[PDB]
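The structure appears right after this line, and notes come after that.
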Amino acid sequence: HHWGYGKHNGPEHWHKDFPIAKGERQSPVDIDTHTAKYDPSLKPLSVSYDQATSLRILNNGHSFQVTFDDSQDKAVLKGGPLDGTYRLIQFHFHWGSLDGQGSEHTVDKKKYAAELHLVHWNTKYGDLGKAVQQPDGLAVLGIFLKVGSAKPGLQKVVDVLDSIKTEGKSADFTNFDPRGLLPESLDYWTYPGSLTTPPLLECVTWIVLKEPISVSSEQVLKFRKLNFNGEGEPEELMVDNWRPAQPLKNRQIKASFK
Ligand SMILES: CC(=O)/N=c1\sc(S(N)(=O)=O)nn1C
Ligand SMILES: [Zn+2]
Ligand SMILES: [Zn+2]
């Protein structure tokens with residue numbers, strides 16, 4: 001990709017090829033707890049990942065991503081702020097050059113060590129391609145990572161990262177259960193926003209979980225061994241692959257909990 005996260009191709013440059021970068025509904029945002037008010041009309045989130053079928057894990061040059069078979073309603077997200085049903089297509093992470101930063105969303109300006117994004121598309125639009133053209137096309141479930149005890153459900157992921165060090169490497173990754181990446185509580189904040197990488201389309205209902213998952217320092221250090229560059233190219237270490245908080249502008253963030 002021509003775009004990246006460095007001085008010369010990072011988030012400050014993106015608007016030149018993707019003008020919507022300066023749009024009215026851009027993500028991520030800061031979640032200000034004084035103003036993210038409880039809404040009693042919000043429903044409990046429904047996560048049904050039991051039949052999730054993972055396929056591949058890859059380094060795409062901006063993150064590492066695990067893909068899923070989205071051909072039927074195997075793993076779906078519904079309820080919450082969502083009308084209808086959204087199929088899981090992939091998850092990936094954003095992380096920092098140190099434990100003190102790396103998340104895209106912030107909470108009262110505080111940055112977590114990383115952020116997991118589980119990406120889902122609205123089945124009423126037929127496929128991902130048409131879905132991304134609709135303001136309610138995607139639902140992304142965002143989960144913060146803090147450094148603490150190890151997350152057993154992340155171990156299968158951490159264990160193959162050394163085999164996909166550079167951009168374009170990938171590996172077989174079947175039978176991975178994404179339920180193992182979820183915290184205890186499904187309490188959430190929600191707001192209308194965008195994809196946080198190009199093309200930055202404003203097609204996302206964001207659902208950000210209040211409770212972070214804990215991963216061990218040992219686990220998150222493996223994230224930081226990845227490279228933005230392809231094999232044979234000059235080394236550019238994949239850290240700080242997060243877009244900074246964008247202005248909330250005229251939007252409202254709602255909380256599912258008090
Ligand atoms: C196909 C697809 O899921 N693209 C995505 S997911 C995403 S993110 N970082 O979850 O908001 N950004 N983009 C461009
Ligand atoms: Zn890409
Ligand atoms: Zn993301």
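Starting from 1 in every chain, residues are counted up; chains themselves are A, B, ... following the order of the structure tokens, and ligands are numbered from 1 as listed.
Among all protein and nucleic acid residues, the ones that lie within 7 Å of ligand 1 when counting only C-alpha atoms and all ligand atoms are residues 90, 117, 118, 119, 140, 194, 195, 196, 197, 198, 199 and 200 of chain A.
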Can I get the selection written as a short mmCIF file (atom, residue, chain, number, x, y, z; two decimals), in the first residue's frame, with N, CA, C and O atoms?
```
data_model
loop_
_atom_site.label_atom_id
_atom_site.label_comp_id
_atom_site.auth_asym_id
_atom_site.auth_seq_id
_atom_site.Cartn_x
_atom_site.Cartn_y
_atom_site.Cartn_z
N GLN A 90 -13.60 -10.98 9.49
CA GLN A 90 -12.19 -10.97 9.88
C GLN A 90 -12.01 -10.28 11.21
O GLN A 90 -12.87 -9.52 11.63
N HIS A 117 -10.22 -5.54 16.58
CA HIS A 117 -11.40 -5.20 15.79
C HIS A 117 -11.96 -6.45 15.13
O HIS A 117 -11.28 -7.07 14.31
N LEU A 118 -13.19 -6.82 15.49
CA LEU A 118 -13.88 -7.91 14.83
C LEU A 118 -14.88 -7.29 13.87
O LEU A 118 -15.79 -6.55 14.28
N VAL A 119 -14.70 -7.56 12.57
CA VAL A 119 -15.42 -6.84 11.52
C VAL A 119 -16.56 -7.69 10.95
O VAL A 119 -16.34 -8.84 10.56
N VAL A 140 -18.47 -3.04 13.67
CA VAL A 140 -17.17 -3.46 14.17
C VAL A 140 -17.20 -3.49 15.69
O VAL A 140 -17.61 -2.52 16.34
N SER A 194 -16.62 5.14 11.07
CA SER A 194 -15.98 4.74 9.83
C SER A 194 -14.98 3.61 10.00
O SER A 194 -14.63 3.22 11.12
N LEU A 195 -14.50 3.10 8.87
CA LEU A 195 -13.30 2.27 8.86
C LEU A 195 -12.14 3.16 9.28
O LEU A 195 -12.10 4.34 8.92
N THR A 196 -11.21 2.62 10.06
CA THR A 196 -10.09 3.42 10.55
C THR A 196 -8.84 3.29 9.69
O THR A 196 -7.82 3.90 9.99
N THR A 197 -8.92 2.47 8.64
CA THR A 197 -7.89 2.48 7.59
C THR A 197 -8.54 2.84 6.27
O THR A 197 -9.75 2.72 6.13
N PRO A 198 -7.74 3.30 5.29
CA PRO A 198 -8.29 3.51 3.94
C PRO A 198 -9.04 2.26 3.47
O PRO A 198 -8.56 1.14 3.68
N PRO A 199 -10.20 2.46 2.84
CA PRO A 199 -10.75 3.73 2.34
C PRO A 199 -11.55 4.59 3.33
O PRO A 199 -12.19 5.55 2.86
N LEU A 200 -11.52 4.28 4.63
CA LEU A 200 -12.11 5.14 5.67
C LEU A 200 -13.61 5.39 5.50
O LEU A 200 -14.14 6.42 5.97
#
```
> DSSP on the backbone: what in stretch 95-205 of chain A comes out strand (DSSP E or B), as a ChimeraX atom specification?
Replying inline: /A:95,106-107,110,114-122,138-147,170-172,188-193,204-205
Could you take the residues named above and write them with N, CA and C atoms, as a compact mmCIF listing (two decimals), in the first residue's frame?
```txt
# COMPACT_ATOMS: atom_id res chain seq x y z
N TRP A 95 -1.68 -1.84 17.62
CA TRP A 95 -0.89 -1.84 18.85
C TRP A 95 0.22 -0.80 18.80
N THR A 106 -9.94 5.81 22.54
CA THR A 106 -9.40 6.13 23.86
C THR A 106 -10.58 6.29 24.81
N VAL A 107 -10.35 6.16 26.11
CA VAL A 107 -11.42 6.39 27.08
C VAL A 107 -10.95 7.47 28.03
N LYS A 110 -7.37 8.22 27.63
CA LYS A 110 -6.44 7.16 28.01
C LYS A 110 -6.30 6.13 26.88
N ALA A 114 -3.37 -2.09 23.18
CA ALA A 114 -3.78 -2.52 21.85
C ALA A 114 -5.29 -2.51 21.71
N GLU A 115 -5.76 -2.75 20.50
CA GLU A 115 -7.19 -2.82 20.24
C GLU A 115 -7.48 -3.88 19.19
N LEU A 116 -8.44 -4.74 19.50
CA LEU A 116 -8.91 -5.80 18.60
C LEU A 116 -10.17 -5.32 17.89
N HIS A 117 -10.22 -5.54 16.58
CA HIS A 117 -11.40 -5.20 15.79
C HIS A 117 -11.96 -6.45 15.13
N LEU A 118 -13.19 -6.82 15.49
CA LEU A 118 -13.88 -7.91 14.83
C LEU A 118 -14.88 -7.29 13.87
N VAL A 119 -14.70 -7.56 12.57
CA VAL A 119 -15.42 -6.84 11.52
C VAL A 119 -16.56 -7.69 10.95
N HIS A 120 -17.76 -7.11 10.90
CA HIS A 120 -18.95 -7.84 10.48
C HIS A 120 -19.71 -7.02 9.45
N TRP A 121 -20.36 -7.69 8.50
CA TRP A 121 -21.16 -6.98 7.49
C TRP A 121 -22.65 -7.37 7.51
N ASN A 122 -23.51 -6.39 7.20
CA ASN A 122 -24.96 -6.55 7.31
C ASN A 122 -25.50 -7.44 6.19
N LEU A 138 -21.68 -2.06 8.04
CA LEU A 138 -20.75 -2.83 8.86
C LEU A 138 -21.01 -2.61 10.34
N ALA A 139 -20.65 -3.61 11.13
CA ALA A 139 -20.60 -3.46 12.57
C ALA A 139 -19.22 -3.91 12.99
N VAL A 140 -18.47 -3.04 13.67
CA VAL A 140 -17.17 -3.46 14.17
C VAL A 140 -17.20 -3.49 15.69
N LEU A 141 -16.83 -4.65 16.25
CA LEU A 141 -16.78 -4.83 17.69
C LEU A 141 -15.34 -4.56 18.11
N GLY A 142 -15.15 -3.50 18.89
CA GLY A 142 -13.81 -3.10 19.31
C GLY A 142 -13.58 -3.51 20.74
N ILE A 143 -12.41 -4.11 20.99
CA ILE A 143 -12.08 -4.60 22.32
C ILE A 143 -10.68 -4.15 22.69
N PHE A 144 -10.55 -3.47 23.83
CA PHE A 144 -9.25 -2.97 24.26
C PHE A 144 -8.42 -4.10 24.84
N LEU A 145 -7.09 -4.02 24.69
CA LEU A 145 -6.18 -4.96 25.34
C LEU A 145 -5.34 -4.22 26.37
N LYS A 146 -5.26 -4.76 27.58
CA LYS A 146 -4.31 -4.24 28.56
C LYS A 146 -3.32 -5.36 28.89
N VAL A 147 -2.15 -4.98 29.38
CA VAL A 147 -1.12 -5.97 29.68
C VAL A 147 -1.28 -6.48 31.11
N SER A 170 1.44 -15.51 4.84
CA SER A 170 0.18 -15.98 5.42
C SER A 170 0.33 -17.43 5.81
N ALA A 171 -0.63 -17.93 6.57
CA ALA A 171 -0.60 -19.32 6.99
C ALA A 171 -2.00 -19.90 7.15
N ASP A 172 -2.08 -21.21 7.05
CA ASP A 172 -3.30 -21.94 7.33
C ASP A 172 -3.68 -21.61 8.78
N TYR A 188 -21.16 -2.03 26.55
CA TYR A 188 -20.54 -1.37 25.40
C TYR A 188 -20.91 0.10 25.27
N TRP A 189 -20.09 0.80 24.49
CA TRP A 189 -20.43 2.11 24.00
C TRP A 189 -20.67 1.97 22.50
N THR A 190 -21.50 2.83 21.94
CA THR A 190 -21.78 2.76 20.51
C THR A 190 -21.96 4.13 19.87
N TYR A 191 -21.50 4.26 18.63
CA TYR A 191 -21.64 5.51 17.88
C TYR A 191 -21.46 5.21 16.39
N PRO A 192 -22.01 6.08 15.51
CA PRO A 192 -21.81 5.88 14.07
C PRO A 192 -20.46 6.42 13.60
N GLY A 193 -19.72 5.61 12.84
CA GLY A 193 -18.40 6.03 12.42
C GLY A 193 -17.92 5.40 11.13
N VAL A 204 -19.83 2.27 9.29
CA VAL A 204 -19.67 1.44 10.49
C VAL A 204 -20.50 1.87 11.69
N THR A 205 -21.26 0.93 12.25
CA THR A 205 -21.77 1.12 13.59
C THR A 205 -20.72 0.55 14.54
```
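Minimum atom-to-atom distances from A:246, A:53, A:241, A:133 to ligand 3 were compared using only C-alpha atoms and all ligand atoms, and the lowest value belongs to A:241.
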> Which is closest to residue A:50 among A:227, A:175, A:123, A:166, if we use only C-alpha atoms?
Replying inline: A:175
> Which of these residues is nearest to ligand 3, using only C-alpha atoms and all ligand atoms: A:41, A:65, A:149, A:48?
Replying inline: A:65
> What residues have any atom no more than 12 Å from ligand 2 when counting only C-alpha atoms and all ligand atoms, and can you list them as a list in words?
Replying inline: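 After applying the 12 Å limit, what remains is residues 1, 2, 3, 4, 58, 59, 60, 61, 62, 63, 64, 65, 92, 167, 168, 197, 198, 199 and 228 of chain A.
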> Excluding same-chain residues fewer than 6 positions from residue A:185, what lies within 8 Å of it counting only C-alpha atoms, as a list in words?
Replying inline: residues 209, 210 and 211 of chain A
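Look at residue A:101: the protein and nucleic acid residues within 6 Å of it, using only C-alpha atoms and passing over chain neighbours fewer than 6 places away, are residues 111, 112 and 113 of chain A.
Residues in contact range of residue A:215, defined as at most 10 Å between only C-alpha atoms, with sequence neighbours fewer than 2 positions away removed, read residues 113, 114, 145, 146, 147, 148, 149, 150, 151, 152, 153, 154, 155, 181, 212, 213, 217, 218, 219 and 220 of chain A.
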>> Report, in Å to a single decimal, how far apart atom CA of residue A:184 and atom CA of residue A:258 are.
In response: 16.7 Å
> In Å, how far is it from atom CA of residue A:247 to atom CA of residue A:26?
Replying inline: 7.4 Å
Out of stretch 12-243 of chain A, which residues get helix (DSSP H, G or I) from DSSP, as a PDB file with N, CA, C and O atoms, in the first residue's frame?
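Contents of part.pdb, as written:
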```
ATOM      1  N   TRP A  14      -3.432  10.703   4.693  1.00  0.00           N
ATOM      2  CA  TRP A  14      -4.504   9.899   4.107  1.00  0.00           C
ATOM      3  C   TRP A  14      -5.570  10.673   3.323  1.00  0.00           C
ATOM      4  O   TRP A  14      -6.070  10.190   2.306  1.00  0.00           O
ATOM      5  N   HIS A  15      -5.918  11.869   3.791  1.00  0.00           N
ATOM      6  CA  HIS A  15      -6.990  12.650   3.151  1.00  0.00           C
ATOM      7  C   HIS A  15      -6.712  12.981   1.688  1.00  0.00           C
ATOM      8  O   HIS A  15      -7.635  13.283   0.925  1.00  0.00           O
ATOM      9  N   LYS A  16      -5.449  12.927   1.285  1.00  0.00           N
ATOM     10  CA  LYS A  16      -5.096  13.296  -0.085  1.00  0.00           C
ATOM     11  C   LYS A  16      -5.595  12.262  -1.095  1.00  0.00           C
ATOM     12  O   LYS A  16      -5.957  12.607  -2.213  1.00  0.00           O
ATOM     13  N   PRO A  19     -10.468  11.578   0.623  1.00  0.00           N
ATOM     14  CA  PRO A  19     -10.906  12.868   1.169  1.00  0.00           C
ATOM     15  C   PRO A  19     -11.860  12.732   2.346  1.00  0.00           C
ATOM     16  O   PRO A  19     -11.960  13.646   3.168  1.00  0.00           O
ATOM     17  N   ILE A  20     -12.540  11.595   2.431  1.00  0.00           N
ATOM     18  CA  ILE A  20     -13.475  11.357   3.519  1.00  0.00           C
ATOM     19  C   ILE A  20     -12.754  11.294   4.867  1.00  0.00           C
ATOM     20  O   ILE A  20     -13.393  11.278   5.922  1.00  0.00           O
ATOM     21  N   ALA A  21     -11.422  11.297   4.840  1.00  0.00           N
ATOM     22  CA  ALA A  21     -10.638  11.305   6.078  1.00  0.00           C
ATOM     23  C   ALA A  21     -10.971  12.515   6.956  1.00  0.00           C
ATOM     24  O   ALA A  21     -10.733  12.501   8.169  1.00  0.00           O
ATOM     25  N   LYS A  22     -11.504  13.563   6.328  1.00  0.00           N
ATOM     26  CA  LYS A  22     -11.892  14.788   7.024  1.00  0.00           C
ATOM     27  C   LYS A  22     -13.413  14.890   7.122  1.00  0.00           C
ATOM     28  O   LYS A  22     -13.967  15.993   7.248  1.00  0.00           O
ATOM     29  N   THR A 123     -26.119  -8.562   6.558  1.00  0.00           N
ATOM     30  CA  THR A 123     -26.576  -9.541   5.575  1.00  0.00           C
ATOM     31  C   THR A 123     -27.678  -9.027   4.663  1.00  0.00           C
ATOM     32  O   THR A 123     -27.927  -9.604   3.607  1.00  0.00           O
ATOM     33  N   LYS A 124     -28.349  -7.952   5.052  1.00  0.00           N
ATOM     34  CA  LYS A 124     -29.405  -7.452   4.185  1.00  0.00           C
ATOM     35  C   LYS A 124     -28.840  -6.849   2.895  1.00  0.00           C
ATOM     36  O   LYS A 124     -29.586  -6.617   1.942  1.00  0.00           O
ATOM     37  N   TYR A 125     -27.522  -6.654   2.843  1.00  0.00           N
ATOM     38  CA  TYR A 125     -26.887  -6.102   1.639  1.00  0.00           C
ATOM     39  C   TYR A 125     -26.195  -7.132   0.736  1.00  0.00           C
ATOM     40  O   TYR A 125     -25.569  -6.765  -0.264  1.00  0.00           O
ATOM     41  N   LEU A 128     -20.054  -8.107   1.285  1.00  0.00           N
ATOM     42  CA  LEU A 128     -19.226  -7.066   1.882  1.00  0.00           C
ATOM     43  C   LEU A 128     -19.124  -5.838   0.984  1.00  0.00           C
ATOM     44  O   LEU A 128     -19.150  -4.705   1.470  1.00  0.00           O
ATOM     45  N   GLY A 129     -19.033  -6.070  -0.325  1.00  0.00           N
ATOM     46  CA  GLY A 129     -18.827  -5.003  -1.288  1.00  0.00           C
ATOM     47  C   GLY A 129     -19.947  -3.983  -1.359  1.00  0.00           C
ATOM     48  O   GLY A 129     -19.690  -2.779  -1.466  1.00  0.00           O
ATOM     49  N   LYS A 130     -21.191  -4.452  -1.319  1.00  0.00           N
ATOM     50  CA  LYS A 130     -22.334  -3.546  -1.285  1.00  0.00           C
ATOM     51  C   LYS A 130     -22.527  -2.979   0.119  1.00  0.00           C
ATOM     52  O   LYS A 130     -22.872  -1.807   0.280  1.00  0.00           O
ATOM     53  N   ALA A 131     -22.290  -3.811   1.131  1.00  0.00           N
ATOM     54  CA  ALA A 131     -22.437  -3.368   2.517  1.00  0.00           C
ATOM     55  C   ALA A 131     -21.617  -2.114   2.827  1.00  0.00           C
ATOM     56  O   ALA A 131     -22.118  -1.197   3.481  1.00  0.00           O
ATOM     57  N   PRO A 152      -5.618 -17.089  27.260  1.00  0.00           N
ATOM     58  CA  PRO A 152      -5.377 -18.404  26.647  1.00  0.00           C
ATOM     59  C   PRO A 152      -5.883 -18.439  25.219  1.00  0.00           C
ATOM     60  O   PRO A 152      -5.235 -19.042  24.357  1.00  0.00           O
ATOM     61  N   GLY A 153      -7.017 -17.784  24.980  1.00  0.00           N
ATOM     62  CA  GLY A 153      -7.644 -17.765  23.668  1.00  0.00           C
ATOM     63  C   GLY A 153      -6.854 -17.019  22.610  1.00  0.00           C
ATOM     64  O   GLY A 153      -7.162 -17.117  21.421  1.00  0.00           O
ATOM     65  N   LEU A 154      -5.840 -16.267  23.032  1.00  0.00           N
ATOM     66  CA  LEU A 154      -4.993 -15.535  22.095  1.00  0.00           C
ATOM     67  C   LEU A 154      -3.749 -16.342  21.740  1.00  0.00           C
ATOM     68  O   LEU A 154      -3.037 -16.022  20.784  1.00  0.00           O
ATOM     69  N   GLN A 155      -3.474 -17.389  22.514  1.00  0.00           N
ATOM     70  CA  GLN A 155      -2.201 -18.093  22.364  1.00  0.00           C
ATOM     71  C   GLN A 155      -1.986 -18.698  20.972  1.00  0.00           C
ATOM     72  O   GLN A 155      -0.882 -18.612  20.429  1.00  0.00           O
ATOM     73  N   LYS A 156      -3.035 -19.285  20.389  1.00  0.00           N
ATOM     74  CA  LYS A 156      -2.940 -19.878  19.045  1.00  0.00           C
ATOM     75  C   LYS A 156      -2.494 -18.837  18.024  1.00  0.00           C
ATOM     76  O   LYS A 156      -1.732 -19.132  17.098  1.00  0.00           O
ATOM     77  N   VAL A 157      -2.968 -17.612  18.214  1.00  0.00           N
ATOM     78  CA  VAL A 157      -2.598 -16.496  17.358  1.00  0.00           C
ATOM     79  C   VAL A 157      -1.134 -16.102  17.536  1.00  0.00           C
ATOM     80  O   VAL A 157      -0.392 -16.053  16.561  1.00  0.00           O
ATOM     81  N   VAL A 158      -0.737 -15.847  18.785  1.00  0.00           N
ATOM     82  CA  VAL A 158       0.636 -15.461  19.131  1.00  0.00           C
ATOM     83  C   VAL A 158       1.659 -16.476  18.620  1.00  0.00           C
ATOM     84  O   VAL A 158       2.737 -16.112  18.145  1.00  0.00           O
ATOM     85  N   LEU A 161       2.653 -16.027  14.818  1.00  0.00           N
ATOM     86  CA  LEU A 161       3.103 -14.712  14.344  1.00  0.00           C
ATOM     87  C   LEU A 161       4.517 -14.714  13.769  1.00  0.00           C
ATOM     88  O   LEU A 161       4.802 -13.983  12.817  1.00  0.00           O
ATOM     89  N   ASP A 162       5.405 -15.535  14.322  1.00  0.00           N
ATOM     90  CA  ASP A 162       6.767 -15.614  13.787  1.00  0.00           C
ATOM     91  C   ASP A 162       6.816 -16.157  12.352  1.00  0.00           C
ATOM     92  O   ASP A 162       7.815 -15.977  11.657  1.00  0.00           O
ATOM     93  N   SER A 163       5.742 -16.813  11.910  1.00  0.00           N
ATOM     94  CA  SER A 163       5.689 -17.376  10.559  1.00  0.00           C
ATOM     95  C   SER A 163       5.083 -16.410   9.543  1.00  0.00           C
ATOM     96  O   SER A 163       5.040 -16.699   8.344  1.00  0.00           O
ATOM     97  N   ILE A 164       4.607 -15.261  10.014  1.00  0.00           N
ATOM     98  CA  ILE A 164       4.078 -14.244   9.107  1.00  0.00           C
ATOM     99  C   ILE A 164       4.688 -12.874   9.394  1.00  0.00           C
ATOM    100  O   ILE A 164       3.993 -11.862   9.457  1.00  0.00           O
ATOM    101  N   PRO A 178     -13.029 -17.520  18.014  1.00  0.00           N
ATOM    102  CA  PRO A 178     -12.862 -16.129  18.445  1.00  0.00           C
ATOM    103  C   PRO A 178     -13.578 -15.817  19.756  1.00  0.00           C
ATOM    104  O   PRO A 178     -13.398 -14.724  20.281  1.00  0.00           O
ATOM    105  N   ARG A 179     -14.368 -16.749  20.287  1.00  0.00           N
ATOM    106  CA  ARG A 179     -14.973 -16.521  21.592  1.00  0.00           C
ATOM    107  C   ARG A 179     -13.890 -16.329  22.655  1.00  0.00           C
ATOM    108  O   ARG A 179     -14.124 -15.697  23.690  1.00  0.00           O
ATOM    109  N   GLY A 180     -12.700 -16.861  22.389  1.00  0.00           N
ATOM    110  CA  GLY A 180     -11.614 -16.810  23.349  1.00  0.00           C
ATOM    111  C   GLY A 180     -10.962 -15.446  23.455  1.00  0.00           C
ATOM    112  O   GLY A 180     -10.040 -15.263  24.257  1.00  0.00           O
ATOM    113  N   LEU A 181     -11.425 -14.490  22.642  1.00  0.00           N
ATOM    114  CA  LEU A 181     -10.865 -13.144  22.651  1.00  0.00           C
ATOM    115  C   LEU A 181     -11.774 -12.133  23.346  1.00  0.00           C
ATOM    116  O   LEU A 181     -11.471 -10.941  23.377  1.00  0.00           O
ATOM    117  N   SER A 217       2.434  -9.560  28.803  1.00  0.00           N
ATOM    118  CA  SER A 217       3.504  -8.837  28.127  1.00  0.00           C
ATOM    119  C   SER A 217       4.182  -9.745  27.112  1.00  0.00           C
ATOM    120  O   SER A 217       4.535  -9.334  26.018  1.00  0.00           O
ATOM    121  N   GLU A 218       4.369 -11.002  27.509  1.00  0.00           N
ATOM    122  CA  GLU A 218       4.951 -12.019  26.641  1.00  0.00           C
ATOM    123  C   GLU A 218       4.154 -12.148  25.339  1.00  0.00           C
ATOM    124  O   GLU A 218       4.730 -12.238  24.248  1.00  0.00           O
ATOM    125  N   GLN A 219       2.826 -12.122  25.450  1.00  0.00           N
ATOM    126  CA  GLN A 219       1.966 -12.200  24.269  1.00  0.00           C
ATOM    127  C   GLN A 219       2.062 -10.964  23.378  1.00  0.00           C
ATOM    128  O   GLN A 219       2.269 -11.084  22.162  1.00  0.00           O
ATOM    129  N   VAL A 220       1.908  -9.777  23.961  1.00  0.00           N
ATOM    130  CA  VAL A 220       1.879  -8.562  23.146  1.00  0.00           C
ATOM    131  C   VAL A 220       3.245  -8.273  22.523  1.00  0.00           C
ATOM    132  O   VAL A 220       3.325  -7.657  21.470  1.00  0.00           O
ATOM    133  N   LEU A 221       4.324  -8.752  23.142  1.00  0.00           N
ATOM    134  CA  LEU A 221       5.651  -8.536  22.567  1.00  0.00           C
ATOM    135  C   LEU A 221       5.777  -9.232  21.214  1.00  0.00           C
ATOM    136  O   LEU A 221       6.494  -8.762  20.333  1.00  0.00           O
ATOM    137  N   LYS A 222       5.066 -10.339  21.032  1.00  0.00           N
ATOM    138  CA  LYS A 222       5.087 -10.999  19.728  1.00  0.00           C
ATOM    139  C   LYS A 222       4.443 -10.147  18.621  1.00  0.00           C
ATOM    140  O   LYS A 222       4.854 -10.234  17.457  1.00  0.00           O
ATOM    141  N   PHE A 223       3.449  -9.324  18.971  1.00  0.00           N
ATOM    142  CA  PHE A 223       2.848  -8.401  18.000  1.00  0.00           C
ATOM    143  C   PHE A 223       3.933  -7.497  17.449  1.00  0.00           C
ATOM    144  O   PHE A 223       3.980  -7.211  16.246  1.00  0.00           O
TER     145      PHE A 223
END
```
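Across A:103, A:46, A:35, A:67, the tightest approach to residue A:81 is made by A:46 when counting only C-alpha atoms.
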> Could you work out how far atom CA of residue A:39 lies from atom CA of residue A:250, giving the answer in Å with one decimal?
Replying inline: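 Computing it gives 17.7 Å between the two atoms.
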> Near residue A:44, counting only C-alpha atoms, which residues have an atom at most 10 Å away, once you skip same-chain residues fewer than 4 positions from it, shown as a list in words?
Replying inline: residues 78, 79, 80, 81, 186, 187, 188, 256 and 257 of chain A
Selection above as a file: N, CA and C atoms, as an mmCIF file, in the first residue's frame:
```cif
data_model
loop_
_atom_site.group_PDB
_atom_site.id
_atom_site.type_symbol
_atom_site.label_atom_id
_atom_site.label_comp_id
_atom_site.auth_asym_id
_atom_site.auth_seq_id
_atom_site.Cartn_x
_atom_site.Cartn_y
_atom_site.Cartn_z
ATOM 1 N N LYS A 78 -25.539 -9.594 16.527
ATOM 2 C CA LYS A 78 -26.812 -8.884 16.445
ATOM 3 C C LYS A 78 -27.182 -8.287 17.792
ATOM 4 N N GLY A 79 -28.396 -7.758 17.896
ATOM 5 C CA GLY A 79 -28.814 -7.111 19.122
ATOM 6 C C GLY A 79 -27.987 -5.857 19.304
ATOM 7 N N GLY A 80 -27.770 -5.461 20.552
ATOM 8 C CA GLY A 80 -27.054 -4.226 20.813
ATOM 9 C C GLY A 80 -27.803 -3.078 20.172
ATOM 10 N N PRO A 81 -27.073 -2.197 19.478
ATOM 11 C CA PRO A 81 -27.681 -1.069 18.768
ATOM 12 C C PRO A 81 -28.103 -1.470 17.360
ATOM 13 N N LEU A 186 -20.226 -7.824 28.252
ATOM 14 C CA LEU A 186 -20.525 -7.255 26.941
ATOM 15 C C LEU A 186 -21.141 -5.860 27.041
ATOM 16 N N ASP A 187 -20.916 -5.169 28.158
ATOM 17 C CA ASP A 187 -21.310 -3.762 28.251
ATOM 18 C C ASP A 187 -20.514 -2.983 27.210
ATOM 19 N N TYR A 188 -21.162 -2.029 26.547
ATOM 20 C CA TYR A 188 -20.537 -1.368 25.402
ATOM 21 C C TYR A 188 -20.907 0.098 25.266
ATOM 22 N N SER A 256 -24.400 1.399 26.981
ATOM 23 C CA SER A 256 -25.427 0.382 27.222
ATOM 24 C C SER A 256 -25.608 0.126 28.705
ATOM 25 N N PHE A 257 -24.818 0.821 29.515
ATOM 26 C CA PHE A 257 -24.703 0.529 30.937
ATOM 27 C C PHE A 257 -24.620 1.832 31.717
#
```
> Quick one: residues within 9 Å of stretch 72-75 of chain A, only C-alpha atoms counted, chain neighbours fewer than 4 positions away excluded, as a PyMOL selection string?
Replying inline: chain A and resi 47-53+68+85-89+123
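Distance check against ligand 3 using only C-alpha atoms and all ligand atoms: of A:137, A:28, A:84, A:100, the minimum falls on A:28.
Distance check against residue A:169 using only C-alpha atoms: of A:82, A:45, A:201, A:226, the minimum falls on A:226.
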